[PDB]
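Before any comments, here is the structure.
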Amino acid sequence: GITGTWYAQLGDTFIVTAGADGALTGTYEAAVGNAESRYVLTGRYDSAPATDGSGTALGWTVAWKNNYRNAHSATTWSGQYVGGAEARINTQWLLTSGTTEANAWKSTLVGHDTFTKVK
Amino acid sequence: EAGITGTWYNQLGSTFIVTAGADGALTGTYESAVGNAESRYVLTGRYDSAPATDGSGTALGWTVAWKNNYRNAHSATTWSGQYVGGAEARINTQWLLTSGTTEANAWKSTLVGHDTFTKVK
Amino acid sequence: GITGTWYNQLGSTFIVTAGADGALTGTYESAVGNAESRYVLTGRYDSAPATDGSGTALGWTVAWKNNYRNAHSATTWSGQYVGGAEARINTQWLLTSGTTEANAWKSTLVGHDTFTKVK
Amino acid sequence: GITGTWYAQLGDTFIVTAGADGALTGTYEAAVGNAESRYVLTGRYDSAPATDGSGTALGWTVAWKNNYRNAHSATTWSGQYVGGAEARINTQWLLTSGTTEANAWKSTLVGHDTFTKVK
């Protein structure tokens, strides 16, 4: 299932719960251990996916502010959960920083990340 | 407060209502252009609740999964962008829309676009 | 309809020829005036588009190196030409910088631009 | 070097020549089929990259029209070449289809692909 602890290619970890209603709620930790690198995450998923072998669509956001740090930026991940033995969540993400109007053209990075339940 | 809480309209007529929490939470309801109650979906997200005061915008993002009690598109959109407050407040976003696919078909799983929202229409 | 001079909302301009064979060839000026700000553009377009009112798919690339400057970057624009009283090319773009593998996660910006045809 | 034959995860292949002047030219072949599935590619690359362990920025376009078929669409790939033992080209891409105005919101797919010179 989606609920659990997930690991990114380069060590990021996130813990999420998938609610009956389609909610995602949890915490995203940018660096292994370390209280100062944990951030709130919230999102949504398709709680009644197709039964044709497709994945389950989802997305979530982290604003990079906690009680210790603020990067004045937020990342959204959009993707799907693929169940099985080696369950995976495959994503593409957008990272937007607060900018002046003149710098808005360079406000947003794009990338991709794959998460697995194994370290 | 920050001026995010309220009702916002995009260039295509979609509208959303949002409440910005003092802690960084975004909650609300997104209504696609066509349909009324059949077209309302849950939205949830996060924003920078302590933004810079140097002329920069306020970073945010939110997600809508396209399932409600009427319809299910087996898809979800995430919007990433910044809020520009004041007299002519706007939220400028780029978005990704992922539909559930097999891995073989994942190359056609994700659309990209951009939406600008105003508190006016 | 594509052949000609085009300008975007932020002031950049380009001049392009759409060849009978599908080629796009031209010059991109990142800043109106200023002859040290011209770069080679090349790309491709659909030379036999649908006749149902749909736009014409196209794309092009500029590497940001010329005789005077080198940003070690390249932008690609993907979009469609929409004919009209005021013709437009509506695009989304990706700007990738050369990075170390460690910084590859922040190698690529994403944005959008609309160009309007001069005269 | 960039010049050579490259392979994608799910069977696409392309052949490219990198000119001394920053030009990319070649042919892209979709996974299934052959000449029916071969298309012209053109692009640009940084012909003098940084000497600091950074990759080499590049981009190219394919319009999905050849003598046999026409999908009324085009893909642009933006990325970088990373040299050495296992040389790779890492990209993100945008695929735009010609659409009516009402369908323009869903004109553009986004993805990512890595290419290698090995099988």
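Protein chains in written order, with the authors' numbering: chain D, 16 to 134; chain C, 14 to 134; chain B, 16 to 134; chain A, 16 to 134. Heads up, the beta-carbon is just placed ideally off N, CA and C, and yes, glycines get one too.
message: According to DSSP, is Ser88/D part of a helix, a strand, or is it coil?
response: For the purposes of this step, residue 88/D is taken as residue 73 along the first sequence, with counting starting at 1. Strand, per DSSP.
task: On a CA-only basis, which of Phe130/C, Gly98/C and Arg59/C is nearest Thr91/D? Give me that one, please.
output: Indexing the first sequence from 1 puts residue 91/D at position 76. Distances from the CA of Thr91/D to each of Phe130/C, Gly98/C and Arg59/C were compared; the closest alpha carbon is that of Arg59/C.
- prompt: Do you know offhand how far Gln24/D's Cα is from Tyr96/B's?
  reply: Counting from 1 along the first sequence, the entry for residue 24/D is found at position 9. Counting from 1 along the third sequence, the entry for residue 96/B is found at position 81. Cα-Cα distance, rounded: 39 Å.
- prompt: Taking Cβ positions, are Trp75/D and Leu56/D nearer each other than 8 Å?
  reply: Working through the first sequence from its first residue, we reach residue 75/D at position 60. Working through the first sequence from its first residue, we reach residue 56/D at position 41. Going by C-beta atoms, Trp75/D is nearer than 8 Å to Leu56/D.
- prompt: Checking contacts by CB at 8 Å: is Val125/C closer than that to chain B?
  reply: By one-based count along the second sequence, residue 125/C stands at place 112. Yes, its Cβ sits closer than 8 Å to a Cβ of chain B.
- prompt: Is it the case that the Cβ atoms of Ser69/A and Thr91/B are separated by a distance below 8 Å?
  reply: Working through the fourth sequence from its first residue, we reach residue 69/A at position 54. Working through the third sequence from its first residue, we reach residue 91/B at position 76. No; because the gap between Cβ atoms is not below 8 Å, this pair is not in contact.
- prompt: Taking all protein chains shown into account, do 16 or more other C-beta atoms lie within 10 angstroms of the C-beta of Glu44/A, making it buried, or fewer, making it exposed?
  reply: On the fourth sequence, residue 44/A is found 29 positions in, with the first residue counted as 1. Buried: at least 16 other Cβ atoms inside 10 Å.
- prompt: If you draw a straight line from the C-alpha of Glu44/B to the C-alpha of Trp21/B, how long is it?
  reply: Translated into positions along the third sequence, residue 44/B becomes position 29. Translated into positions along the third sequence, residue 21/B becomes position 6. Each residue's Cα considered, the two are about 10 Å apart.
- request: For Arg53/D, collect the residues of the same chain with a Cβ closer than 7 Å to its Cβ; drop the 5 residues on either side in sequence, then sort them by chain order.
  value: Here residue 53/D refers to the residue found at position 38 of the first sequence. The residues are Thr42, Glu44 and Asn81.
- request: Give me the Cα-Cα distance between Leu109/D and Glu51/C, rounded to the nearest whole angstrom.
  value: Translated into the one-based positions of the first sequence, residue 109/D becomes position 94. Translated into the one-based positions of the second sequence, residue 51/C becomes position 38. For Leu109/D and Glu51/C, the distance between alpha carbons rounds to 29 Å.
Extent of the continuous beta strand (DSSP E) to which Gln107/B belongs: Translated into positions along the third sequence, residue 107/B becomes position 92. Segment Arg103 to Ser112, the beta strand (DSSP E) holding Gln107/B.
query: In chain B, what lies closer than 9 Å to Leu124/D by C-beta?
result: Here residue 124/D corresponds to residue number 109 of the first sequence, with the count starting at 1. Chain B residues near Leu124/D: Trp120, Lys121, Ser122, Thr123, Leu124 and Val125.
- prompt: Any C-beta of chain B sitting closer than 8 Å to the C-beta of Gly41/A?
  reply: On the fourth sequence, position 26 is the one that residue 41/A refers to. No, no contact with chain B.
message: Would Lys132/D and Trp21/D qualify as a contact pair, given that the criterion is a beta-carbon distance under 8 Å?
response: Against the first sequence, residue 132/D aligns to sequence position 117. Against the first sequence, residue 21/D aligns to sequence position 6. Against a cut-off of 8 Å, the Cβ pair of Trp21/D and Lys132/D comes out as a contact.
Proximal residues, the region 94–110 of chain A versus chain C, C-beta separation under 8 Å: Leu109
- request: Count the CB pairs spanning the region 108–126 of chain D and the region 66–80 of chain C that are closer than 8 Å, and state whether there are at least three.
  value: With the cut-off at 8 Å, the region 108–126 of chain D and the region 66–80 of chain C touch.
message: Excluding the 5 residues flanking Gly37/D on each side, which residues of the same chain have their C-beta closer than 8 Å to its C-beta?
response: Along the first sequence, one-based indexing puts residue 37/D at 22. Hits under 8 Å: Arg59, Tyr60, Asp61 and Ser62.
field: Closest Cα partner of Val31/C within the set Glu101/C, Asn118/C, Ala63/C and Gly74/C
entry: The residue given as residue 31/C occupies position 18 in the second sequence. Ranking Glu101/C, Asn118/C, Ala63/C and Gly74/C by Cα distance to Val31/C puts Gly74/C first.
- prompt: Does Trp21/D get closer than 8 Å to chain B when you measure Cβ to Cβ?
  reply: Here residue 21/D corresponds to residue number 6 of the first sequence, with the count starting at 1. Not closer than 8 Å to any Cβ of chain B, the Cβ of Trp21/D fails to qualify, so no.
field: Within-8 Å CB hit, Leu25/D to chain C
entry: As a working mapping, residue 25/D is identified with position 10 in the first sequence. It does not; no Cβ of chain C falls within 8 Å.
Three-state class that DSSP yields for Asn118/A in the structure shown: Here residue 118/A refers to the residue found at position 103 of the fourth sequence. Note: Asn118/A maps to helix in three-state DSSP.
query: Can you tell which of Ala119/D, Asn105/D and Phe130/D has the C-alpha that lies nearest to the C-alpha of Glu116/C?
result: On the second sequence, position 103 is the one that residue 116/C refers to. The shortest C-alpha separation from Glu116/C is found at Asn105/D.
query: For the beta strand (DSSP E) that contains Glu116/B, what are its first and last residues?
result: For the purposes of this step, residue 116/B is taken as residue 101 along the third sequence, with counting starting at 1. Looking at the DSSP string, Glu116/B is not in any beta strand (DSSP E), and its letter there is neither H nor E.
- prompt: Where does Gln24/B land, buried or exposed, given buried means 16+ other C-beta within 10 angstroms?
  reply: Along the third sequence, read from residue 1 onward, the residue named residue 24/B stands at position 9. Its Cβ having fewer than 16 others within 10 Å, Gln24/B is exposed.
query: Alpha carbon to alpha carbon, how far is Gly19/B from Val55/B?
result: Your numbering for residue 19/B matches position 4 in the third sequence. Your numbering for residue 55/B matches position 40 in the third sequence. Approximately 15 Å between the Cα atoms of the pair.
field: For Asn105/D, the three-state DSSP class (helix, strand or coil)
entry: Translated into positions along the first sequence, residue 105/D becomes position 90. Here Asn105/D sits in strand by DSSP.
Residue-chain proximity (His127/D, chain A), Cβ-Cβ < 8 Å: Within the first sequence, numbered from 1, the residue matching residue 127/D stands at position 112. Yes - at least one Cβ of chain A is within 8 Å of the one on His127/D.
message: Would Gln107/B pass as an interface residue toward chain C - the criterion being a Cβ-Cβ separation below 8 Å?
response: For this step, residue 107/B is matched to residue 92 along the third sequence. Answer yes: the Cβ-Cβ gap between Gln107/B and chain C drops below 8 Å somewhere.
query: Can you pull the DSSP bridge partners for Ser93/D?
result: Along the first sequence, one-based indexing puts residue 93/D at 78. Its beta-bridge partners are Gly74/D and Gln107/D.
field: Contact check, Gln107/D vs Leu110/C, beta carbons under 8 Å
entry: Along the first sequence, one-based indexing puts residue 107/D at 92. Along the second sequence, one-based indexing puts residue 110/C at 97. Not closer than 8 Å, so no.
message: What residue range does the beta strand (DSSP E) around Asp128/D cover?
response: Position 113 of the first sequence, counting from 1, holds the residue named residue 128/D. Residue range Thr123 to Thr131 is occupied by the beta strand (DSSP E) that includes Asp128/D.
Member of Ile30/D, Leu39/D and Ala35/D whose CA lies at the smallest distance from the CA of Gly48/D: Here residue 48/D refers to the residue found at position 33 of the first sequence. Considering only alpha carbons, the answer is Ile30/D.
query: Does the beta-carbon of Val47/C have 16 or more other beta-carbons within 10 angstroms, so that it is buried, or is it exposed?
result: Taking the second sequence and counting its residues from 1, one reaches residue 47/C at position 34. So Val47/C counts as exposed.
message: Any beta carbon from chain B within less than 8 Å of residue 15/D's own beta carbon?
response: Because chain D is modelled from 16 through 134, residue 15/D falls outside the range shown and cannot be assessed.
- request: Pull out every residue of the region 18–31 of chain C whose Cβ sits closer than 8 Å to any Cβ of chain A, in chain order.
  value: Here the close residues are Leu25.
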